[PDB]
Protein chains: 2
Amino acid sequence: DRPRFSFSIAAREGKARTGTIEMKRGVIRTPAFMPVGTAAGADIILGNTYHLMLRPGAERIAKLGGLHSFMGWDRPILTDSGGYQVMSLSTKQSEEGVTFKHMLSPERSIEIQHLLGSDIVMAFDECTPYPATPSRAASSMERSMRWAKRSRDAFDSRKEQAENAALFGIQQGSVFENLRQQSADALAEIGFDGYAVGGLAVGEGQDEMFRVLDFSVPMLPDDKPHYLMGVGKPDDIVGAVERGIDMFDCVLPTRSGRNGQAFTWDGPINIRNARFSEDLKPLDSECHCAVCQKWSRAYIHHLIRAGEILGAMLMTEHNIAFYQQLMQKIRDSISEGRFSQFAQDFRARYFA
Amino acid sequence: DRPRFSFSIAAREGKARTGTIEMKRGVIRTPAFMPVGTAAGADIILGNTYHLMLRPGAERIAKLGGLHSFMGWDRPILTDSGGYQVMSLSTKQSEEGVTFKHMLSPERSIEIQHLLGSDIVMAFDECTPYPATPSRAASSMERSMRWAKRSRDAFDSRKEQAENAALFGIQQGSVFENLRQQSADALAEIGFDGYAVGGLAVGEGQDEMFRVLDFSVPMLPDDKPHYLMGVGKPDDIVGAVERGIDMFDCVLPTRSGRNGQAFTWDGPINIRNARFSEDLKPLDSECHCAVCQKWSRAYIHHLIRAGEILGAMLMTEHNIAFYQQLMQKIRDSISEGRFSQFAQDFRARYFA
Ligand SMILES: CNc1nc2c(CC[C@H]3O[C@@H](OC)[C@H](O)[C@@H]3OC)c3nc(N)[nH]c(=O)c3cc2[nH]1
Ligand SMILES: CNc1nc2c(CC[C@H]3O[C@@H](OC)[C@H](O)[C@@H]3OC)c3nc(N)[nH]c(=O)c3cc2[nH]1
Ligand SMILES: [Zn+2]
Ligand SMILES: [Zn+2]
């Protein structure tokens with residue numbers, strides 16, 4: 001019988017790691033990509049806390065048997081704490097939490113995630129806007145750390161949650177090394193099952209994001225998983241793995257899939273472009289997905305140009321599969337000690 | 001090795017028949033429902049002649065290897081002749097054909113269908129508007145019969161087509177028994193592989209459509225398949241089979257699937273309605289489709305209300321599967337001599 005939570009590192013290359021997270025509902029191979037659950041293989045999917053709390057509401061999801069039953073997915077599910085989305089899509093902040101057009105607090109966030117039944121629960125934090133002054137970044141991070149402790153206590157007070165789920169803390173501090181360190185120290189003192197790097201993929205760009213990861217990831221406990229929230233493009237994922245990240249989520253595969261963009265080893269392509277109208281090659285030359293086994297760029301181009309939902313579905317299936325093949329290649333290369341070479345080869349071809 | 005075309009009737013009950021059409025690319029079980037090819041089991045699918053001739057053009061489809069290669073479907077394909085769609089969606093009529101914003105003639109229609117590579121080719125006809133006066137219905141039908149002969153000759157002049165495909169003639173005559181008879185006589189004199197009842201499902205309503213079928217279908221050769229163009233709702237299909245129809249096509253399963261409507265044995269439902277928000281039953285209680293095996297009305301309701309493409313896809317998959325289960329039940333009941341009872345039971349429950 002699998003444990004509630006156990007992370008094991010099987011192999012390393014530089015800062016990169018590959019291994020497994022064992023949970024009651026399944027094993028998660030790392031580095032992992034975690035796709036949106038409602039998108040359409042993956043070891044864990046995402047539940048959309050913000051949407052679900054509004055429609056149909058967390059209490060209603062619980063009445064229906066929880067997210068696993070509702071979505072027909074019996075493996076692990078990760079949920080965010082909801083605040084990022086409230087601040088992005090809705091607001092009034094206070095030490096208690098956020099009110100918006102209801103009150104979302106650390107305690108309420110944890111309870112919502114309990115009612116949804118997720119396996120990996122995120123602490124309720126504040127994703128500091130970018131750019132931020134040192135003072136504002138510090139005040140924001142300090143509040144997030146107080147909220148992390150409140151999240152910890154709320155999670156621990158719910159027996160079913162404490163015994164069956166896992167809780168990740170989220171590091172903040174914007175782009176400032178000293179604040180990232182204080183945040184890491186605060187989170188480690190509280191103690192979490194995993195640690196996320198928050199506050200990135202918010203407009204800073206890849207060079208700056210990588211610079212922040214360079215010093216931020218080593219601050220987190222080495223023996224726990226590291227989750228980079230909101231990342232990202234394939235090249236962002238590769239560089240983040242090079243910097244010690246184990247888990248990823250991004251809206252790109254689905255957003256791109258619904259908007260004519262396909263990921264390939266030769267970079268992204270816009271399938272609507274006329275240059276694909278007579279292209280009999282599959283979306284990607286090496287991809288093993290069902291779409292690439294059967295249909296051409298020309299046919300998918302045709303479907304999308306005709307407004308056929310089948311086209312968007314095939315694009316999305318391909319993009320999700322591409323991301324999973326990327327993660328498999330990353331895991332295999334780290335395990336074989338050839339990840340550095342893989343990263344180099346990947347970049348040379350993707351950006352050719 | 002299968003013949004070019006062979007229709008065999010295995011069993012009858014009243015005017016209803018069940019059997020098979022054998023063609024080089026496969027066997028078609030009748031009564032048959034023929035779904036849109038780009039929708040997402042079926043023995044034959046439809047190619048959209050009108051759309052294809054505009055985007056990317058029939059010549060381009062031929063360059064890409066024909067529709068079978070293009071769509072990844074190696075079984076039979078049926079194509080319409082294009083005029084119905086031109087008159088519905090675009091016009092100037094003449095004895096030569098129709099010009100619209102190009103000229104579509106019987107000869108050009110047959111050539112387009114040849115370039116697409118379809119297995120069942122429809123004659124180029126005029127679908128008379130409804131209502132029509134006797135004079136206008138007669139003039140229209142007479143032109144369609146001249147065009148049927150031209151279609152026959154064009155098809156026969158193309159070796160690959162004549163030897164590998166089949167040609168159906170289309171009966172016209174509006175709602176008038178004498179014109180339907182003249183049309184049937186003209187088509188039988190020319191000689192076709194199958195016979196369609198055209199000019200219906202154009203606003204006349206079920207009672208009138210059934211009245212016209214009552215006298216029109218017996219006018220067609222008994223030993224050839226009968227295709228009712230544009231029909232229809234499940235109850236229309238059942239009543240048409242009771243009147244001797246063997247083949248069907250309809251935009252309903254896909255249009256409904258993309259617009260929140262699901263077909264069930266208890267009638268259609270609009271899954272967006274709030275009454276489904278907590279309904280844990282599958283879309284239909286008896287349906288064997290993949291969707292009903294796995295997901296609830298509540299989840300599909302959620303997906304569609306959230307604007308998720310997955311929702312529309314699941315609805316469409318279910319509707320297509322429902323239609324195929326309907327046709328299987330029809331075939332089985334005729335073969336077992338219990339179709340009358342099936343039709344009665346079907347109606348009692350569908351309209352309860
Ligand atoms: C895009 N960049 C980005 N996203 C971010 C998210 C949302 C991820 C969440 O976004 C949802 O997708 C819309 C996913 O559900 C995911 O949750 C698992 C963040 N969430 C929290 N709690 N804290 C952060 O610092 C944070 C930073 C982010 N940067
Ligand atoms: C809706 N009612 C209806 N449709 C009709 C169609 C289009 C079927 C065609 O419609 C396309 O779907 C948009 C399908 O491709 C199908 O072709 C196989 C007809 N086509 C011809 N040639 N002649 C007729 O008398 C006719 C009557 C119809 N009544
Ligand atoms: Zn693929
Ligand atoms: Zn079903």
# chains A, B, ... in the order shown; residues from 1 in each chain; ligands from 1
$ residues_around --residues "residue 141 in chain B" --least-positions-apart "5" --cutoff "7 Å" --atoms "only C-alpha atoms" --output "CSV table (one decimal) with N, CA and C atoms, in the first residue's frame"
chain,number,residue,atom,x,y,z
B,172,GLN,N,-37.4,13.7,-57.6
B,172,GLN,CA,-38.0,15.0,-57.2
B,172,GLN,C,-39.5,15.0,-57.5
B,173,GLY,N,-40.2,16.1,-57.6
B,173,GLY,CA,-41.6,16.2,-57.7
B,173,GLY,C,-42.4,16.8,-56.6
B,183,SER,N,-41.0,11.1,-62.1
B,183,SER,CA,-39.6,11.2,-61.8
B,183,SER,C,-39.0,9.8,-61.6
$ interface_residues --of "chain B" --to "chain A" --cutoff "7 Å" --atoms "only C-alpha atoms" --output "list in words"
residues 38, 39, 40, 64, 70, 71, 72, 278, 294, 295, 299 and 310 of chain B
$ residues_near_ligand --ligand "ligand 2" --cutoff "7 Å" --atoms "only C-alpha atoms and all ligand atoms" --output "PyMOL selection string"
chain B and resi 36+46-49+78-85+122+124-127+170+172+197-202+229-231+249-251
$ residues_near_ligand --ligand "ligand 4" --cutoff "12 Å" --atoms "only C-alpha atoms and all ligand atoms" --output "PyMOL selection string"
chain B and resi 257+262-265+281-297+300+313-326
$ write_last_selection --atoms "N, CA and C atoms" --output "compact mmCIF listing (two decimals), in the first residue's frame"
# COMPACT_ATOMS: atom_id res chain seq x y z
N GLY B 257 -24.94 18.30 -30.84
CA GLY B 257 -23.79 18.06 -29.99
C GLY B 257 -23.00 19.31 -29.69
N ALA B 262 -28.57 16.57 -26.29
CA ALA B 262 -28.21 15.14 -26.34
C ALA B 262 -29.44 14.30 -26.63
N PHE B 263 -29.29 13.32 -27.52
CA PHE B 263 -30.38 12.39 -27.81
C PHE B 263 -30.38 11.25 -26.80
N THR B 264 -31.55 10.91 -26.29
CA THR B 264 -31.70 9.79 -25.36
C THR B 264 -32.95 9.02 -25.74
N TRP B 265 -33.09 7.81 -25.20
CA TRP B 265 -34.28 7.01 -25.48
C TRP B 265 -35.53 7.63 -24.87
N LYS B 281 -26.51 10.54 -13.28
CA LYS B 281 -26.76 9.53 -14.31
C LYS B 281 -25.99 9.86 -15.58
N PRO B 282 -25.65 8.84 -16.38
CA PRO B 282 -25.08 9.10 -17.71
C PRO B 282 -26.08 9.80 -18.64
N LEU B 283 -25.63 10.34 -19.77
CA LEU B 283 -26.54 11.01 -20.71
C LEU B 283 -27.76 10.16 -21.02
N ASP B 284 -27.53 8.89 -21.32
CA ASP B 284 -28.64 7.97 -21.49
C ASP B 284 -28.42 6.69 -20.69
N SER B 285 -29.51 6.19 -20.10
CA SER B 285 -29.46 5.08 -19.15
C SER B 285 -29.02 3.74 -19.75
N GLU B 286 -29.17 3.59 -21.05
CA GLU B 286 -28.88 2.30 -21.69
C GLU B 286 -27.71 2.37 -22.66
N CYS B 287 -27.34 3.59 -23.04
CA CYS B 287 -26.32 3.81 -24.06
C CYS B 287 -24.98 3.18 -23.73
N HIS B 288 -24.37 2.54 -24.73
CA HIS B 288 -23.13 1.81 -24.53
C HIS B 288 -21.89 2.62 -24.92
N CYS B 289 -22.08 3.90 -25.26
CA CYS B 289 -20.95 4.70 -25.75
C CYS B 289 -19.94 4.98 -24.64
N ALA B 290 -18.73 5.36 -25.05
CA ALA B 290 -17.64 5.60 -24.11
C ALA B 290 -17.97 6.70 -23.11
N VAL B 291 -18.70 7.71 -23.57
CA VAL B 291 -19.09 8.83 -22.71
C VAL B 291 -19.99 8.36 -21.58
N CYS B 292 -21.00 7.56 -21.92
CA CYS B 292 -21.97 7.10 -20.93
C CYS B 292 -21.39 6.04 -19.98
N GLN B 293 -20.33 5.38 -20.42
CA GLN B 293 -19.65 4.42 -19.57
C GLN B 293 -18.86 5.11 -18.46
N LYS B 294 -18.49 6.36 -18.68
CA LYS B 294 -17.54 7.04 -17.81
C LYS B 294 -18.05 8.30 -17.11
N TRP B 295 -18.79 9.15 -17.82
CA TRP B 295 -19.13 10.46 -17.26
C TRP B 295 -20.62 10.74 -17.08
N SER B 296 -20.91 11.58 -16.10
CA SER B 296 -22.27 11.94 -15.74
C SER B 296 -22.79 13.14 -16.51
N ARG B 297 -24.11 13.25 -16.54
CA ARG B 297 -24.76 14.46 -17.03
C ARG B 297 -24.22 15.69 -16.31
N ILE B 300 -20.78 16.69 -17.81
CA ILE B 300 -20.90 17.22 -19.16
C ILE B 300 -21.57 18.60 -19.14
N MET B 313 -17.31 17.87 -27.55
CA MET B 313 -16.81 16.65 -28.15
C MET B 313 -17.50 15.42 -27.55
N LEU B 314 -17.66 15.41 -26.23
CA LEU B 314 -18.32 14.29 -25.56
C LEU B 314 -19.79 14.21 -25.97
N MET B 315 -20.45 15.36 -26.07
CA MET B 315 -21.84 15.38 -26.53
C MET B 315 -21.99 14.83 -27.94
N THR B 316 -21.07 15.20 -28.81
CA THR B 316 -21.12 14.79 -30.21
C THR B 316 -20.86 13.29 -30.32
N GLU B 317 -19.87 12.81 -29.57
CA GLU B 317 -19.56 11.38 -29.56
C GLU B 317 -20.77 10.60 -29.10
N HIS B 318 -21.42 11.07 -28.05
CA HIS B 318 -22.61 10.39 -27.57
C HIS B 318 -23.74 10.41 -28.62
N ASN B 319 -23.98 11.55 -29.26
CA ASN B 319 -25.08 11.64 -30.21
C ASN B 319 -24.87 10.74 -31.42
N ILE B 320 -23.65 10.74 -31.96
CA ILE B 320 -23.33 9.85 -33.07
C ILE B 320 -23.53 8.39 -32.67
N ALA B 321 -23.08 8.04 -31.47
CA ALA B 321 -23.22 6.68 -30.98
C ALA B 321 -24.68 6.29 -30.75
N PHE B 322 -25.47 7.23 -30.24
CA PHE B 322 -26.90 7.00 -30.06
C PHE B 322 -27.54 6.67 -31.41
N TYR B 323 -27.24 7.47 -32.43
CA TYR B 323 -27.80 7.24 -33.76
C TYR B 323 -27.41 5.86 -34.27
N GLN B 324 -26.17 5.45 -34.03
CA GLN B 324 -25.76 4.13 -34.50
C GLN B 324 -26.43 3.01 -33.71
N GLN B 325 -26.67 3.22 -32.42
CA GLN B 325 -27.40 2.23 -31.63
C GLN B 325 -28.85 2.14 -32.09
N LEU B 326 -29.42 3.28 -32.45
CA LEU B 326 -30.76 3.30 -33.02
C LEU B 326 -30.81 2.46 -34.29
$ residues_around --residues "residue 131 in chain A" --least-positions-apart "3" --cutoff "10 Å" --atoms "only C-alpha atoms" --output "PDB file with N, CA, C and O atoms, in the first residue's frame"
ATOM      1  N   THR A 128       2.996  38.057  -5.619  1.00  0.00           N
ATOM      2  CA  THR A 128       3.352  39.469  -5.700  1.00  0.00           C
ATOM      3  C   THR A 128       3.415  39.951  -7.148  1.00  0.00           C
ATOM      4  O   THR A 128       4.045  39.310  -7.983  1.00  0.00           O
ATOM      5  N   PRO A 134      11.446  46.535  -3.384  1.00  0.00           N
ATOM      6  CA  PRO A 134      11.852  45.713  -2.237  1.00  0.00           C
ATOM      7  C   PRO A 134      10.887  45.795  -1.048  1.00  0.00           C
ATOM      8  O   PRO A 134      10.580  44.765  -0.449  1.00  0.00           O
ATOM      9  N   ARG A 136       7.615  46.506  -0.978  1.00  0.00           N
ATOM     10  CA  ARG A 136       6.339  45.875  -1.273  1.00  0.00           C
ATOM     11  C   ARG A 136       6.511  44.366  -1.389  1.00  0.00           C
ATOM     12  O   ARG A 136       5.679  43.601  -0.899  1.00  0.00           O
ATOM     13  N   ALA A 137       7.599  43.936  -2.019  1.00  0.00           N
ATOM     14  CA  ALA A 137       7.886  42.506  -2.112  1.00  0.00           C
ATOM     15  C   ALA A 137       8.052  41.893  -0.725  1.00  0.00           C
ATOM     16  O   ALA A 137       7.565  40.793  -0.465  1.00  0.00           O
ATOM     17  N   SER A 174       9.526  37.898  -4.807  1.00  0.00           N
ATOM     18  CA  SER A 174       9.772  38.571  -6.080  1.00  0.00           C
ATOM     19  C   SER A 174      11.130  38.143  -6.646  1.00  0.00           C
ATOM     20  O   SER A 174      11.436  36.947  -6.677  1.00  0.00           O
ATOM     21  N   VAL A 175      11.942  39.099  -7.085  1.00  0.00           N
ATOM     22  CA  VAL A 175      13.240  38.783  -7.681  1.00  0.00           C
ATOM     23  C   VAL A 175      14.410  38.993  -6.712  1.00  0.00           C
ATOM     24  O   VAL A 175      15.572  39.009  -7.120  1.00  0.00           O
ATOM     25  N   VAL A 202       5.172  35.867 -14.363  1.00  0.00           N
ATOM     26  CA  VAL A 202       4.225  36.968 -14.198  1.00  0.00           C
ATOM     27  C   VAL A 202       4.694  38.216 -14.943  1.00  0.00           C
ATOM     28  O   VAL A 202       4.343  39.342 -14.581  1.00  0.00           O
ATOM     29  N   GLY A 203       5.490  38.000 -15.986  1.00  0.00           N
ATOM     30  CA  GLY A 203       5.884  39.069 -16.889  1.00  0.00           C
ATOM     31  C   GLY A 203       7.365  39.398 -16.882  1.00  0.00           C
ATOM     32  O   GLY A 203       7.810  40.298 -17.601  1.00  0.00           O
ATOM     33  N   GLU A 204       8.138  38.663 -16.091  1.00  0.00           N
ATOM     34  CA  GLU A 204       9.558  38.969 -15.922  1.00  0.00           C
ATOM     35  C   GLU A 204      10.451  38.509 -17.074  1.00  0.00           C
ATOM     36  O   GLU A 204      11.558  39.019 -17.242  1.00  0.00           O
TER      37      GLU A 204
END
$ closest_residue --among "A:307, A:276, A:54, A:133" --to "residue 101 in chain A" --atoms "only C-alpha atoms"
A:54
$ closest_atom_pairs --of "range 10-39 of chain B" --to "range 112-121 of chain B" --cutoff "10 Å" --atoms "only C-alpha atoms" --output "CSV"
residue,atom,partner,partner_atom,distance
B:23,CA,B:119,CA,8.1
B:24,CA,B:119,CA,8.6
B:25,CA,B:119,CA,8.1
$ atom_distance --atom1 "CA of residue 245 in chain A" --atom2 "CA of residue 189 in chain A"
20.9 Å
$ decode --residues "range 174-190 of chain B" --atoms "N, CA and C atoms" --output "mmCIF file, in the first residue's frame"
data_model
loop_
_atom_site.group_PDB
_atom_site.id
_atom_site.type_symbol
_atom_site.label_atom_id
_atom_site.label_comp_id
_atom_site.auth_asym_id
_atom_site.auth_seq_id
_atom_site.Cartn_x
_atom_site.Cartn_y
_atom_site.Cartn_z
ATOM 1 N N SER B 174 -41.678 17.358 -55.605
ATOM 2 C CA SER B 174 -42.319 18.031 -54.478
ATOM 3 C C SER B 174 -43.269 17.065 -53.760
ATOM 4 N N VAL B 175 -44.490 17.503 -53.472
ATOM 5 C CA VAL B 175 -45.450 16.667 -52.752
ATOM 6 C C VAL B 175 -46.492 16.022 -53.674
ATOM 7 N N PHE B 176 -46.231 16.046 -54.977
ATOM 8 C CA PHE B 176 -47.239 15.630 -55.956
ATOM 9 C C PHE B 176 -47.012 14.214 -56.473
ATOM 10 N N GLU B 177 -48.000 13.354 -56.243
ATOM 11 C CA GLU B 177 -47.888 11.940 -56.584
ATOM 12 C C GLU B 177 -47.579 11.707 -58.065
ATOM 13 N N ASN B 178 -48.279 12.405 -58.960
ATOM 14 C CA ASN B 178 -48.025 12.206 -60.385
ATOM 15 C C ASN B 178 -46.602 12.599 -60.805
ATOM 16 N N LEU B 179 -46.075 13.676 -60.228
ATOM 17 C CA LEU B 179 -44.712 14.101 -60.555
ATOM 18 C C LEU B 179 -43.669 13.155 -59.959
ATOM 19 N N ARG B 180 -43.929 12.661 -58.751
ATOM 20 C CA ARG B 180 -43.056 11.674 -58.124
ATOM 21 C C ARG B 180 -42.998 10.419 -58.988
ATOM 22 N N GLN B 181 -44.134 10.038 -59.567
ATOM 23 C CA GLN B 181 -44.188 8.872 -60.441
ATOM 24 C C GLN B 181 -43.405 9.104 -61.726
ATOM 25 N N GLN B 182 -43.619 10.251 -62.360
ATOM 26 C CA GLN B 182 -42.869 10.570 -63.568
ATOM 27 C C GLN B 182 -41.368 10.577 -63.286
ATOM 28 N N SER B 183 -40.981 11.123 -62.140
ATOM 29 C CA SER B 183 -39.575 11.196 -61.780
ATOM 30 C C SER B 183 -38.990 9.795 -61.566
ATOM 31 N N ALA B 184 -39.709 8.963 -60.821
ATOM 32 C CA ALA B 184 -39.284 7.582 -60.605
ATOM 33 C C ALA B 184 -39.129 6.834 -61.931
ATOM 34 N N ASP B 185 -40.088 7.016 -62.837
ATOM 35 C CA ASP B 185 -40.034 6.368 -64.145
ATOM 36 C C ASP B 185 -38.803 6.816 -64.932
ATOM 37 N N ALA B 186 -38.538 8.119 -64.920
ATOM 38 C CA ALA B 186 -37.399 8.670 -65.653
ATOM 39 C C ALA B 186 -36.082 8.117 -65.103
ATOM 40 N N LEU B 187 -35.961 8.075 -63.779
ATOM 41 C CA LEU B 187 -34.743 7.571 -63.157
ATOM 42 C C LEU B 187 -34.534 6.090 -63.444
ATOM 43 N N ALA B 188 -35.604 5.301 -63.381
ATOM 44 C CA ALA B 188 -35.482 3.870 -63.631
ATOM 45 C C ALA B 188 -35.089 3.605 -65.083
ATOM 46 N N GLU B 189 -35.570 4.442 -66.000
ATOM 47 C CA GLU B 189 -35.229 4.302 -67.411
ATOM 48 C C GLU B 189 -33.745 4.568 -67.640
ATOM 49 N N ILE B 190 -33.213 5.581 -66.969
ATOM 50 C CA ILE B 190 -31.789 5.871 -67.062
ATOM 51 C C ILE B 190 -30.993 4.740 -66.407
#
